[PDB]
Structures are given as C-alpha cells and as structure tokens.
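First up is the structure itself, then whatever we jot down about it.
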4 protein chains.
Amino acid sequence: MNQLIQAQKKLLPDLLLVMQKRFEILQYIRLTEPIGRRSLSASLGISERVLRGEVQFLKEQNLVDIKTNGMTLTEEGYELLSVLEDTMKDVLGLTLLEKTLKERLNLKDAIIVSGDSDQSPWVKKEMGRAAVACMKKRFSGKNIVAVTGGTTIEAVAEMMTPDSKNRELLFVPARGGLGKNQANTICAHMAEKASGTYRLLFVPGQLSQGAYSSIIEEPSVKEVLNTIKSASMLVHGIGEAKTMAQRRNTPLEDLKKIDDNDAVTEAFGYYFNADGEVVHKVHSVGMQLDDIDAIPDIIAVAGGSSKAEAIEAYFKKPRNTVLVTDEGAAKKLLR
Amino acid sequence: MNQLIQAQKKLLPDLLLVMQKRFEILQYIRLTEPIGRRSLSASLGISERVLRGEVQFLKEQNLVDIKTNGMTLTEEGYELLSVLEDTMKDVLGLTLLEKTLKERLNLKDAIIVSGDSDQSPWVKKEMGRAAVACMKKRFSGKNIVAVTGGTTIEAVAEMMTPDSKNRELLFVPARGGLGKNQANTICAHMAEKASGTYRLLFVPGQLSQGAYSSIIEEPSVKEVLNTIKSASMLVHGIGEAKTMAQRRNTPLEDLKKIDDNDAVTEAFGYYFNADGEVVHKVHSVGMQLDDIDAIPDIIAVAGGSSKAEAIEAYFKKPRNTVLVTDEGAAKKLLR
Amino acid sequence: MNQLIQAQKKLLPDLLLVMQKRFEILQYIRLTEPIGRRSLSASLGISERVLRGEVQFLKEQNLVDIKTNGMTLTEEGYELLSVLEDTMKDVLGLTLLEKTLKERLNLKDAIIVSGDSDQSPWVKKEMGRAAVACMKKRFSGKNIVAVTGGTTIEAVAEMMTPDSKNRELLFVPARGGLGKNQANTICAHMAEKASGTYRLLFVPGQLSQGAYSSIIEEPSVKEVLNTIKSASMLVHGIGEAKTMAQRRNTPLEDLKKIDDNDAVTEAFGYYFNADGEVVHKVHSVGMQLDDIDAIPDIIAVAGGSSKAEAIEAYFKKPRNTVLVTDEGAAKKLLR
Amino acid sequence: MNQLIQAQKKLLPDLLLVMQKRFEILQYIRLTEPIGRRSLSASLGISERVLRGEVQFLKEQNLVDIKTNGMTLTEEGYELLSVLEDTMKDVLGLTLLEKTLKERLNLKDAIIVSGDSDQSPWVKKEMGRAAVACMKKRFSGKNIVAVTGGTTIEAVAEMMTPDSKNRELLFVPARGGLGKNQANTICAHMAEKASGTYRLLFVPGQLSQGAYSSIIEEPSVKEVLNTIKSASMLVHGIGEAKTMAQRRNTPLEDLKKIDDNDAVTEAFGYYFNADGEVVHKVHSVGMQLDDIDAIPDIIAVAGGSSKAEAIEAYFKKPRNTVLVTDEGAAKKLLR
DNA sequence: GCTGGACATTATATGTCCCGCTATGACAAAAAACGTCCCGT
DNA sequence: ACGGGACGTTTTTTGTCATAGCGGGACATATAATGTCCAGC
C-alpha cells in the first residue's frame, strides 16, 4: 500500500490535488452541516460557482445530500472520511512533519491537523476532532479523565461523541477554572457529549494557601480531590504566559514575579520559562505537576502560530504527552 | 373544567378577567336597573367610554336592553346571570383561592397555577411561566437578580425570555450550589435566556467558617459578594428540610441538629422549624437571612402537595414575598 | 363543563373566534411542518402580515418553534391540540351537524371535519387524521384491517402512526386495485406507518369469473382470501359511480349496464343505485357485500361537495358504518 | 489496497484508466527509446495531440527526457516503471479478473466491483451503482426496460438517477413478483428514480396455466404483456435454486421436481441445472426464456460468494448478457 | 526523425444573475381604543 | 338623567419591504483540450 501511494504521488499529483480539494469539502461539511453553498464557499477560499461544480460531483457520487436547508453527508460520505483519513495526511505532508516534530520536542506522539487556527477558526474544531479520536484509542475499560478549561479544550468537548466500545467514562476538572469557560463547565459538557458521568469543584482563582488547605481538609471535597488524583487521563491546553496571567485576576505581586522570571508558557495552573521550568504556580485545589508522572495518558491540545514559542517551551522537558496541534504552530516551530 | 380553562388561557391570557368584568356588569345591572352608563361606570370604577363599549356589546348579544331611561337585563340576561352564579365560582375558584392563601400565609401576593406538580410534571413549567411574568412586572430600569439553584428555579430559567421593555438585567447566584443544578448554572442559563449579563462564585457545600471567611476577605471575590448584597430581586425555591439535607452532603453532626430541632422547611441555605424560625444554616458565601429585608422584590417559586407543610412553615413569619405555587400545594394547605 | 361552554358561546363569541383562528393555525402547522409564513398564509386565506402577528403570539405562548426552515409545533402545541380537539368542534358547529347527519343517514356514527375537500385539498388530510384516530379507538388486542385503494384512503395511510397501546395490527387489501393507488399499495403503506404487518394479492381488474375462480381455488392464495374473510375492520372509500367506472378499464357492455340501471355510487367494487341497491359488481378476489355484516368495525372515509349524492345513496341502507366526512359533503346533503 | 482504490475511485472515477495509460506510455518508451511523438502515438493508437500532452506531463514529473532525437526514460522513470510492474498487476487485478471471467463464462462483458456482498452489505449498493451506469451506456433514444424483483435489483433501483441525455424510459416488471420486493414494486421505484414512466401487472405466484391463459386473453392486460414483449432491455438477478424455491410458496410436487432434476440456479422465473438447462418454470404472465434472444441489452446483476455456483451454471449457455458482479463471486468462481 | 509553435474546432468550466424560497428587523400609516364632553328628548 | 354623537389623544395592529442565505436554473463567455499542420536542424 505504501508502494502504491508513493507511485501515485509521482505519476498522479494532479489527480491527488483534485482528490484533496474534494476531501477538504467533505471535512468542512462534516463540521458545519447543514450548510449552503454561499456559507461553505466563503468558509473555504473559493468562489460559489467553483464550489457548486465540486458539490454537484459529490452529490452524483452519493457522498452528500442537498436539501432546502443545505448540504449534509450521506452514510457513504462519513465512511469515506474514515477510510481515507490517514493516507490523505501523507500527501498533505503532515506525516513527515509529525515525525520531525517528535524528533524536536519531548513528545510521546504528535498529531497535526492542517491550517493555522489563528487565521482559520474552524481549525480549532479539527484539533478537537483529532483529540477525541486520540482519547478514544487510549481508553481502558474504566477511565477517569481530568480536563482543563480553555477554549481549545472546549472545542474538544464540542466534538466529543459517545464511545463505540461503551467503556466507562467519568470526567473531572483538573484545572478548577476562572471567568464561563471554567474546567467545571468543560468537564460537564464533555461528559454529557460522551454519555459519561462527571464530578465537580469550586473556582480556585488566586487565594491564600491556608484557605485552600481548609477546602482540602474537607470530606465531600476530599472525595473529589482523590478522584482527580486517580485520573487515568489528562486533557489539557497550553497557553502563552502573559496572555493567561492578564486574562485571570493575577495579583500585581505575581504579575511581577511572572515577568521577572521570564515565564513564556502556561499549562494547568503553572507558568514555565523557556527551559520548561516552573516559575510560578497559581495555587488550585487539584492536580499538581508532580501528579502527571503517574497519569498513563496525557493529551495536550494546542495550536496556532502565536503559540509556537509556548508549545516549544512547555516540551523542553519530558512530559510523556501526545500533542494535538496544527500546521500554524508546527511549521512556525520547525521553520 | 380546570383543564379546559388552563388550555383556553394559552390562546386568551385574560379570559378570566373579561369573564369576571362582564359578570360584574350583569350583577350590578340586576341590582340597580334601570341604570345609565354614567352611574354604572362610577359604581364599578370603570371609565364611561370602556363601560359604554361593554354594555353595547352585551346589548348586541341580547343580554341587556338599552332604553331612554337606561339599561335593564333581558330574559336571556337573567338566565345567563343565574348560570354564571354557579359556574363562575368554579370559573374563578382561583382568584378566590389566591385571596384565601394570602389571608392565611404571610404573603405580599399569591400566584397559583392549576394542577399538582407532584402528579403532573409540566405544572413546574407553568409555575415557571408565571414566575417569569411576575419578575417582569417588578423590574426597574436596572436590576440585580439573585437566584437559587433548585429544580423549580431551573424551570423558571427555562421559561425566561428577553424583556420587552429592555430593562438592564444582571443575574447572580445567592445560593452558591451543591451537586449540576447549582445556582451558578441556573444564574447563567437565566441570563442567556433573558439576554442579560451574569456574575458567578464557587460551590460552598459545607466547610469551616474560617475557610469561607478567607474567600470573603478576597478582592475579585468581594466584588461578587457586594453585588449579591446589592440585589434588587431574589428568586428562590422552598424545600422539605429532610429532603434537602439528605440530597446535600450534610455532616452527620448537622443532620442530628436538623432532626433534633424539628426542621421542616429549607430556603436559600437555611433550615426552619414549623414556626418559621431558623434552626440551622448551611454556611455559604453570599446572602444571609437578614439581607432579604433590604431586597425590594422577593419571589418564592414552590409547589406540589408534598411541599404544603414546608411552604406553610416558611411563611409563618413575614417575608414580604410573592409566592408562585400550584393547586397541589395551595389546596392541601387550605383544606 | 357543558354549562361553561354554553355560557362562553353567549358572553365571549368574539374571544371564541380569535381562539378558533389560532387553533386552525396550529392544525395546519401540524399537517405541513416545517412551513414558513409565506406558504402557511397562502394555504390559509389570510395575508402574510396577519399570519405573522398570530404566529408571533403562538411563539410567545411556547406553542410553536420558528427555525431557519420554518415553523413546527412544540410539545405544548401538540398537547393543546389533543386537549381542545372536541370542544373546538362544538363552536365550529360540527356537533349539531354530526347529530343531524346520523338522524338522516343509516350511520353508526358521523365524524365531520371542517371545510370542503373539493375546494381545499388539505381537508382530505384532516379526514385522514380523524379516521386514524377513529380506527385506534376501535382496535381490539388483535386486528385484521381490510382497506380499499382510493385517494382518500391513501390520505388515511399517510396520517397513520404507530398504536400507543401496541395492539397487534395486520393489514390486507379488500379491494385488490386498478391503475399505483391499488389497495395493495395502500395496505402496505398503512402497515409500514403503523409498524404492523400486511398480506397482499394480484390486481383483479375486470375478467371472466372462471379465471377468478381458478385463483380462488389456489392454496397460498386461499390463505390470503381467508384472512380477508376474517377481517375485524374494513376501511373504505365511497365514490361517484360514473367517475369510478370511467377511471377503471370498464368494458363497454358493463358501462351500459351501469348507466341503464342508474348507478350513482361506488364502494369496494360494487355500484349502487339511488336506493343503495347493488346494480353491478366488478368481480374481484376478496370481499363481498354479504361479508361486511360480519365485520365488527367499518369506517367509510369520503367527503367533498361532489360526493354528497353518492354518500347519501350508499347509506340508504343500513351498513353499521361510521362515516368520516367533511362539511363540503355534510352541508350539501343536509341543506 | 483494494479498500484504498475503491475509496479513491469515488473522487476520481477513471483513476485506473489514467494509471494504466501512463504505465503503457512508460513501458513502450522503455522498449523503443529514443522514440518521437508521431511513432509513439501511432504504436499506442492515441492521437498525437493527446500523447504529446501526456509525455510533456511525464517530462515535468522528471520521468522522461524529451531531446532532439525523441524521448527516453530518466533514472526516476526506470525506477518508477519497475515499481509499477509489481503494483499495477495488483492495481489492475480487476481489468485482469473481468478479462478472465469473460473467457470462462458465456458473457457479453463482465463488470466486477470490489468485495464480497455476502460479508459487506454495501457491496450490493456498488453493484447497483455499476449496473445503473451500464444501463445508461446502452440506452437508445427510446427504451422499454423489463426488471425482476429481487433484493439486488432493488439495490439497482435505489441507485438509479435521471438520465443526463434525457432519453425516453418506460419500465415494466418481467418477473411479476411474490412476497413487498415484487417486480412491480421495483419497476415503479426505478421509474420514479429515473423520472421515467412505468406499466404494472398482478402477482403470478404459482397457479393453473388455464387461469394465467384467461389473464393473458384479457385486453388492458394484453397491452401490458405486449409491452413486456417489446422490451429493449432486461435487468435481472440470479439466485440459488433451493433458496428461491423455499422463499416462494412452491408446491411440494414442484419442490420434488426441482430437487430431483438437480436445479442449482434461478433467473426470471426459471430454474436451471448445472449445465444451464431449464428444469422447471414457475408459470408467470410475461417474459419467457425464448423472448430474451430478441432483447438487445440484458444485464444480470448478482454477486456474493454464495452465488458463485448459481452464476457459473446460469452462464453455461450463451445469454448475450453483461454480468455485474463482485469479487466475492468472481474470485470464488475463478479460484 | 525530430524539437517547439500554432491554427481551427469542439468540449467543459466559469461568471453572472435570477427567481423563488426562509429567517431577523424597521418605518409609516391606518385602525382601534379611550377620555371627556356636547346636545336634545 | 341618559343616550347618541363626536373630537382630540393615545395605543395597537397592519401594510410594505429589506436583506442574507437556501436552492435549482439560464445564458454568455472564457479557457482548455484536441485534430492536424508548420518550419528547419
């Protein structure tokens, strides 16, 4: 099969280009259906008339249905996306790129989707799709999944679907949250979408450690913290440090600490410098950096060209993590 | 008859109002005939122009004769008035029931919808509808609305619609919540449904007072607590005490306190005995019982036959509150 | 309740008119959803702007949902149609009309829907709705339902829904059919819509009796004929004789017989004169006129002003049948 | 590889054609280099203008050198041609398989789709797709298409689309049917899907020949039978004999006849032995085996490994038929 | 014996715009309701 | 005293339409593919 694909790349690149453009149309319909030719052509970079030619082809092949409210995929369309998913990435050049990103960073594996999410918002949804598919490959019979609360993890929640294998799924918020995109919100949304269950907490924000210790000393609370300690999976974002610290209600004393110690990246309530060393921790009830070592599966979902530096810094140390990212970030990092 | 009227009010919301007004006109004519439009309007406190239109309508229906010396009933009018004497007490067993519930309980007003929500789940939605309509009549130009997190208040949130008058609406959670129906969830849902804004908090549960005091001492937190203190409206549920205490993670020491002091009702984090005296408070960051005095508008939404005793106990003291309830609770309380 | 309704008809006829117009909007949405204000206003006799006022009211009462593809009923809308169904007919004047139609014709009962299906095509769908509801009230634990193949029975099939009581339902074609609206087609469509089962036959048309007798003598065939003989219900149309005979491939000899014997009505393969006496039978394998006597439930579904004479003639003899018809036919017959 | 190619053909229907044509150009250059565009076009029977475009493309892909004295392969070209020698027999195991199936069976042509429909249900839909495309290539200006009623022909009907050339299409049922998948049902569904017209009949089943003769003697009936006799196309299935005879209501006398005469295959109401000789005919009004000779286009659609023996037996005699089948059947037959 | 260049014809894709559908708002105008208030009978 | 008439004001409903997105459709034009033919080196 690899021999066939390599021969096709030399003898039929003109045909491979048409196929990729038509495959991209099917992916964007899967994301946004039902959608009409005006909105879909605008969403891609192409004229209504060019799209209308391609969509009429796809309808004739019974891959899309065209109704008064727009276009949706047929069963054959959904099947085709699953069958061609991996080989299409070989010609998109993502395969070689993922190999190299894994040589460069401390990564268990790299999953890169097309595009730059800083330019093309829907790319966050494709990272979401990819992350969900990755989660499902790693689930055991029973699972406790800890999640953070940022907008990329929200995109993972939005793309979550029930598990075909019906494995047991309990979701909890490792980050606790700061303000509606708080880990509790995400945790619940992801569980509803997966037909799983979930457990919840309070918003930590920034407070005296003694106040957190009293919450930690509490029983019904302790039960949720022990569940978080037992997490089998962590799904988290990676942010720019300054962006995260200004978005939160960071005390002026801690802003100065964060700046003076040259923080560049943020993940699950910690700020790290360019060498991936912790420089500040926003105290929260729940997961600690030392706890990630014992979690079998960690999936970081983060992309966009603006995050290349943060992503590089975070993975300057081994994290035993699979990264789901996009070309925006990966190409900027690697060239 | 109750079922028919409840269906008819969906198409004709002030059906009972028109019925009652026309019935009163016919009663007053039977008492004073012949009487003219000037005397009849004055006696009923209706504008002459409105009364003149209604009696001209009744004359077209052959119920009243309009002659040189004024108005008298027809044969048809006397017969109809005799039929309405029987029906209309059954037609208006409600304005009668609400009048009596307000004589019995400490209530600013009573709003009672048909049915028993313990038997007929959709009755919770009609309490919701009624509560929303009540809220909108009480809004000022600017509003801070504090809400609790129980399933009946959830029903109020589900029926919330944007304000026709576009008054300013900020929602906050007075109860803070305990576990997905936490006041924060409700508060947000209600704000989205109203196209208002909202502010949020952490879940208190049961914890040491000192831990809460540290959260109270905090700044970005203090701002939300001060907003709650400035509430112009409170919308809250009323629960059975034992049900509420067992649903929560109540400490065994506090369960014994609650039982030993004969708590029967619960509202906004307080348990009260049969005389409406506080017997226990689940400590929470936010509203205190003493704070309700200063809130201009308080609406309690609670019904079902199982809550009759709790509702009676809660209103054994003046609360300056409008109660939205159902026949389930009201009829069980009053007979 | 009857006292309340009679008082409402005298005191509130202006309010009853508004309610009926809004109820008619809900009925036509149930039939055609999703539908938009341009198509729905045209379907009724009213301007887009008048409809838009009423539909905005219905949305505010949570009886309809308005989406990009048009309007549908909410749960509350479907419920309201079931609760008000019978009382709305009292003011539509259908109750008095049905009483009189049953005094005039040989009828077990009369069910009359509004309108004239000759003028307003959707009236055939409301006869369909009414017939289905009637069938479901008469089902026993086990049912064999024989059906004819005309366009009004097709409308019954289109409105068929699964039985809430999950009674056993087997459908068969009593008429056998003549040409795509053949009883076999209807029989199958009705069974699929009811989640029942069905058995089938060949199209008789017009042929020598001996050819039919050979088909009757056959075994796998005999089993279906015996099933038809065991029918617990018959659902059939009533047609004008000349229309039915010309639509079919009637032999010229039989056309002359039909004309010369003054046939005026047709039902299940028989032509009858003005006194309801058989004058000609299109020979078919299956049900015979003598067999209807032994069928517990017979429902005739037929309407439109053009059928008044045929309907009157058919019921000049006792048929122990419930007629589902429309005002078109009923008012023309009775005045 | 089979799965990848089948997916790729949905986006690029003549992928294998382009592949093969480019492979042949490279083979012919390796044999004759240096060779010019006039000689190479002549030798391959391709127009000089088309060949010139393909070799200019191959030169841009660095596979061929175009010099004053003509064209030679590059290093890359020799390597690619060596890879394609291995792949392309696996890439084109099909045009090879169809060639061989046509050497083995009595076939006008063979069309084989990937997979085994006994294992993979969707393979019946791809046979359907292929059969429709074949039908459309054979249509004349006016067409009478006779069809049988089995589940594979149903799959052909489901994939039917209107004719791009808008040729005239009338469909009729050659098989008449036995029980909802009766030829009449299929015939109608196919006509609706093609925007054609159709004519229909009764279900023959098994009956005395004299009863059929009376139906044959009839006029409006005779017109449909004469239309079937005028068929320009027949589209039929092929079944296992025992399966077909047990599915129908076969008389015990005829089952014994079918068994005792070693029937193995069934098509259009006839059972045949392993040598393709008729051993029993289920009498039906319509097409007879002798009639197929006069039909210009016959397309048999049948596949799955369980039908290999039936398919082989049916085509032991010349039928002037194009077979649409799958690898399931073809590979089992040929190895 | 070939390179590229090229001209006339035929086929396919594209641009443009189009009519007939669905939702939100939005301004103007007409009708209805109403608050007093006039007279004669 | 009481009803009919009525005028000015206020409130509510209606008419007209306005546009983005949804489709299948039509007409015109451009771009490309194709079928040969051109020269000299």
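By order in the structure tokens, chains are A, B, ...; within a chain, residues start at 1; ligands start at 1, following the order shown.
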Using only C-alpha atoms, find which residues of chain A lie within 9 Å of chain D and jot them down as a CSV table (one decimal) with N, CA, C and O atoms, in the first residue's frame.
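Everything below was put into out.csv:
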```csv
chain,number,residue,atom,x,y,z
A,1,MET,N,0.8,-1.2,0.0
A,1,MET,CA,0.0,0.0,0.0
A,1,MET,C,0.9,1.2,0.0
A,1,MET,O,0.6,2.2,-0.7
A,3,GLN,N,3.8,1.4,-1.2
A,3,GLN,CA,4.4,1.5,-2.6
A,3,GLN,C,3.4,2.1,-3.5
A,3,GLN,O,3.8,3.0,-4.3
A,4,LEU,N,2.1,1.7,-3.5
A,4,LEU,CA,1.0,2.3,-4.4
A,4,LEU,C,1.0,3.8,-4.1
A,4,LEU,O,1.0,4.5,-5.1
A,7,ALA,N,4.0,5.7,-5.6
A,7,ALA,CA,3.9,5.8,-7.1
A,7,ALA,C,2.8,6.8,-7.5
A,7,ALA,O,3.1,7.5,-8.5
A,8,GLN,N,1.7,6.8,-6.8
A,8,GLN,CA,0.6,7.8,-7.1
A,8,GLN,C,1.1,9.2,-6.9
A,8,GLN,O,0.8,10.1,-7.7
A,10,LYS,N,4.0,10.4,-7.5
A,10,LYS,CA,4.9,10.8,-8.7
A,10,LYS,C,4.1,10.8,-10.0
A,10,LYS,O,4.4,11.7,-10.8
A,11,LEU,N,3.3,9.8,-10.2
A,11,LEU,CA,2.6,9.7,-11.5
A,11,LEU,C,1.3,10.5,-11.6
A,11,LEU,O,0.9,10.9,-12.7
A,12,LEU,N,0.6,10.8,-10.4
A,12,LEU,CA,-0.8,11.4,-10.4
A,12,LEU,C,-0.9,12.5,-9.5
A,12,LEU,O,-2.0,12.7,-8.9
A,15,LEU,N,-4.1,14.6,-10.1
A,15,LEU,CA,-5.3,13.8,-9.6
A,15,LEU,C,-5.3,13.9,-8.1
A,15,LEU,O,-6.4,14.0,-7.5
A,18,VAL,N,-6.9,17.3,-6.9
A,18,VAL,CA,-8.3,17.3,-7.0
A,18,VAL,C,-8.9,16.5,-5.8
A,18,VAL,O,-9.8,17.0,-5.2
A,19,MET,N,-8.4,15.3,-5.6
A,19,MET,CA,-8.9,14.5,-4.5
A,19,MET,C,-8.8,15.2,-3.2
A,19,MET,O,-9.8,15.1,-2.4
A,22,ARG,N,-11.5,17.9,-2.9
A,22,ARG,CA,-12.9,17.3,-2.7
A,22,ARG,C,-13.0,16.8,-1.3
A,22,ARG,O,-14.0,16.9,-0.6
A,23,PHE,N,-11.9,16.2,-0.8
A,23,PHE,CA,-11.9,15.6,0.6
A,23,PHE,C,-12.0,16.8,1.6
A,23,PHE,O,-12.7,16.6,2.6
A,57,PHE,N,-20.7,17.2,-8.2
A,57,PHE,CA,-19.9,16.0,-8.4
A,57,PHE,C,-20.2,15.1,-7.1
A,57,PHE,O,-20.6,13.9,-7.3
A,58,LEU,N,-20.0,15.6,-5.9
A,58,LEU,CA,-20.1,14.9,-4.7
A,58,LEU,C,-21.5,14.3,-4.5
A,58,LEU,O,-21.7,13.2,-4.0
A,60,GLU,N,-23.6,13.5,-7.1
A,60,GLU,CA,-23.7,12.4,-8.1
A,60,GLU,C,-23.0,11.2,-7.5
A,60,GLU,O,-23.5,10.1,-7.9
A,61,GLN,N,-21.9,11.3,-6.7
A,61,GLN,CA,-21.2,10.1,-6.1
A,61,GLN,C,-21.9,9.6,-4.8
A,61,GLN,O,-21.4,8.7,-4.2
A,62,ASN,N,-23.0,10.2,-4.5
A,62,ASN,CA,-23.9,9.9,-3.3
A,62,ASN,C,-23.1,10.1,-2.0
A,62,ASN,O,-23.3,9.3,-1.1
A,63,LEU,N,-22.2,11.1,-2.0
A,63,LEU,CA,-21.4,11.4,-0.8
A,63,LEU,C,-22.1,12.5,0.0
A,63,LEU,O,-21.8,12.6,1.2
A,80,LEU,N,-16.3,7.3,3.9
A,80,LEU,CA,-15.2,7.7,3.0
A,80,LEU,C,-14.2,8.5,3.9
A,80,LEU,O,-13.0,8.3,3.7
A,83,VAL,N,-12.2,6.0,6.0
A,83,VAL,CA,-11.3,5.1,5.2
A,83,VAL,C,-10.0,5.9,4.7
A,83,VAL,O,-9.0,5.3,4.7
A,84,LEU,N,-10.2,7.2,4.3
A,84,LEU,CA,-9.1,7.9,3.7
A,84,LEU,C,-8.3,8.8,4.7
A,84,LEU,O,-7.3,9.4,4.3
A,87,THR,N,-4.2,8.2,5.0
A,87,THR,CA,-3.4,8.4,3.7
A,87,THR,C,-3.5,9.8,3.1
A,87,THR,O,-2.7,10.2,2.4
```
Could you write out as number ranges by chain the residues of chain F within 10 Å of chain A, counting only C-alpha atoms (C1' of nucleotides)?
-> F: 20-23
Provide the atom CA of residue D:326 to atom CA of residue D:266 distance in Å, to one decimal place.
-> 18.3 Å
Mind listing the helix (DSSP H, G or I) residues of stretch 64-195 of chain A, per DSSP on the backbone, as a ChimeraX atom specification?
-> /A:75-92,94-104,123-138,151-159,183-194
If you take only C-alpha atoms (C1' of nucleotides) and a cut-off of 7 Å, which residues of chain E touch chain D, and what are their nearest atom pairs and distances in Å to one decimal, in chain and number order, as a tab-separated table?
```
residue	atom	partner	partner_atom	distance
E:1	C1'	D:69	CA	6.6
E:2	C1'	D:69	CA	5.4
E:3	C1'	D:68	CA	5.2
```
Write out as a compact mmCIF listing (two decimals) with N, CA and C atoms, in the first residue's frame each polymer residue whose atoms come within 7 Å of residue D:157, counting only C-alpha atoms (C1' of nucleotides); drop sequence neighbours fewer than 5 positions from it.
```
# COMPACT_ATOMS: atom_id res chain seq x y z
N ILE D 186 -40.34 -2.78 -7.58
CA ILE D 186 -39.04 -2.39 -8.13
C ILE D 186 -39.20 -1.51 -9.37
N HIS D 189 -40.31 1.94 -8.42
CA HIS D 189 -39.26 2.67 -7.71
C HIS D 189 -38.18 3.12 -8.68
N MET D 190 -37.84 2.24 -9.61
CA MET D 190 -36.79 2.56 -10.59
C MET D 190 -37.26 3.69 -11.50
```
Between atom CA of residue A:291 and atom CA of residue B:218, distance in Å (one decimal) |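 So the two atoms, atom CA of residue A:291 and atom CA of residue B:218, lie 28.2 Å apart.
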Within 7 Å of residue C:109, counting only C-alpha atoms (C1' of nucleotides), which residues show up once you throw out same-chain ones fewer than 2 positions away? Write them as a short mmCIF file (atom, residue, chain, number, x, y, z; two decimals) with C-alpha atoms, in the first residue's frame, please.
```cif
data_model
loop_
_atom_site.label_atom_id
_atom_site.label_comp_id
_atom_site.auth_asym_id
_atom_site.auth_seq_id
_atom_site.Cartn_x
_atom_site.Cartn_y
_atom_site.Cartn_z
CA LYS C 102 -76.76 10.50 11.89
CA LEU C 107 -74.92 5.56 10.32
CA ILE C 111 -67.34 12.34 12.19
CA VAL C 322 -69.03 5.09 10.98
CA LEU C 323 -68.68 7.82 8.34
#
```
All residues 10 Å or closer to stretch 25-31 of chain E, only C-alpha atoms (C1' of nucleotides), same chain fewer than 5 positions away omitted, as a list in words = residues 12, 13, 14, 15, 16, 17, 18 and 19 of chain F
Please indicate the distance in Å from atom CA of residue D:313 to atom CA of residue D:139, rounded to one decimal place.
->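 Atom CA of residue D:139 lies 28.2 Å from atom CA of residue D:313.
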Can you pull out every residue within 9 Å of residue B:181, counting only C-alpha atoms (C1' of nucleotides), but drop anything in the same chain fewer than 4 positions away, and send it as a ChimeraX atom specification?
-> /B:149-151,154,177,185-186
Give me the residues near residue C:330 as a PDB file with N, CA, C and O atoms, in the first residue's frame, where near means some atom within 8 Å (using only C-alpha atoms (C1' of nucleotides)) and where sequence neighbours in that chain fewer than 6 positions away do not count.
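Writing done, so here's out-v6.pdb:
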```pdb
ATOM      1  N   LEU C  97     -74.269  19.345  13.616  1.00  0.00           N
ATOM      2  CA  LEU C  97     -74.285  18.778  12.273  1.00  0.00           C
ATOM      3  C   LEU C  97     -74.142  17.236  12.243  1.00  0.00           C
ATOM      4  O   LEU C  97     -74.909  16.555  11.574  1.00  0.00           O
ATOM      5  N   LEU C 101     -76.726  14.487  10.792  1.00  0.00           N
ATOM      6  CA  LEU C 101     -76.315  13.582   9.719  1.00  0.00           C
ATOM      7  C   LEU C 101     -76.596  12.121  10.091  1.00  0.00           C
ATOM      8  O   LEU C 101     -76.990  11.290   9.251  1.00  0.00           O
ATOM      9  N   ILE C 112     -67.311  14.585  11.310  1.00  0.00           N
ATOM     10  CA  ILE C 112     -67.234  15.583  10.250  1.00  0.00           C
ATOM     11  C   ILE C 112     -66.133  16.567  10.591  1.00  0.00           C
ATOM     12  O   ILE C 112     -66.127  17.161  11.674  1.00  0.00           O
ATOM     13  N   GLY C 303     -65.594  12.463   1.355  1.00  0.00           N
ATOM     14  CA  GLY C 303     -66.103  13.824   1.524  1.00  0.00           C
ATOM     15  C   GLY C 303     -65.985  14.640   0.256  1.00  0.00           C
ATOM     16  O   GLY C 303     -65.684  14.109  -0.832  1.00  0.00           O
ATOM     17  N   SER C 305     -68.075  18.241  -1.623  1.00  0.00           N
ATOM     18  CA  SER C 305     -69.444  18.512  -2.093  1.00  0.00           C
ATOM     19  C   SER C 305     -69.865  17.641  -3.286  1.00  0.00           C
ATOM     20  O   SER C 305     -71.033  17.261  -3.383  1.00  0.00           O
ATOM     21  N   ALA C 308     -71.746  14.307  -2.252  1.00  0.00           N
ATOM     22  CA  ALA C 308     -72.905  14.316  -1.378  1.00  0.00           C
ATOM     23  C   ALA C 308     -73.945  13.287  -1.823  1.00  0.00           C
ATOM     24  O   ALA C 308     -74.456  12.528  -1.011  1.00  0.00           O
TER      25      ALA C 308
END
```
For each of F:2, F:27, F:37, F:32, take the minimum atom-to-atom distance to residue E:15, counting only C-alpha atoms (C1' of nucleotides), then give the residue where this is smallest.
->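 Between F:2, F:27, F:37, F:32, the residue approaching residue E:15 most closely is F:27.
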From stretch 44-269 of chain A, collect each residue whose DSSP state is strand (DSSP E) and return the set as number ranges by chain.
-> A: 64-67, 70-73, 109-113, 142-147, 168-173, 197-198, 233-236, 239-240, 263-267
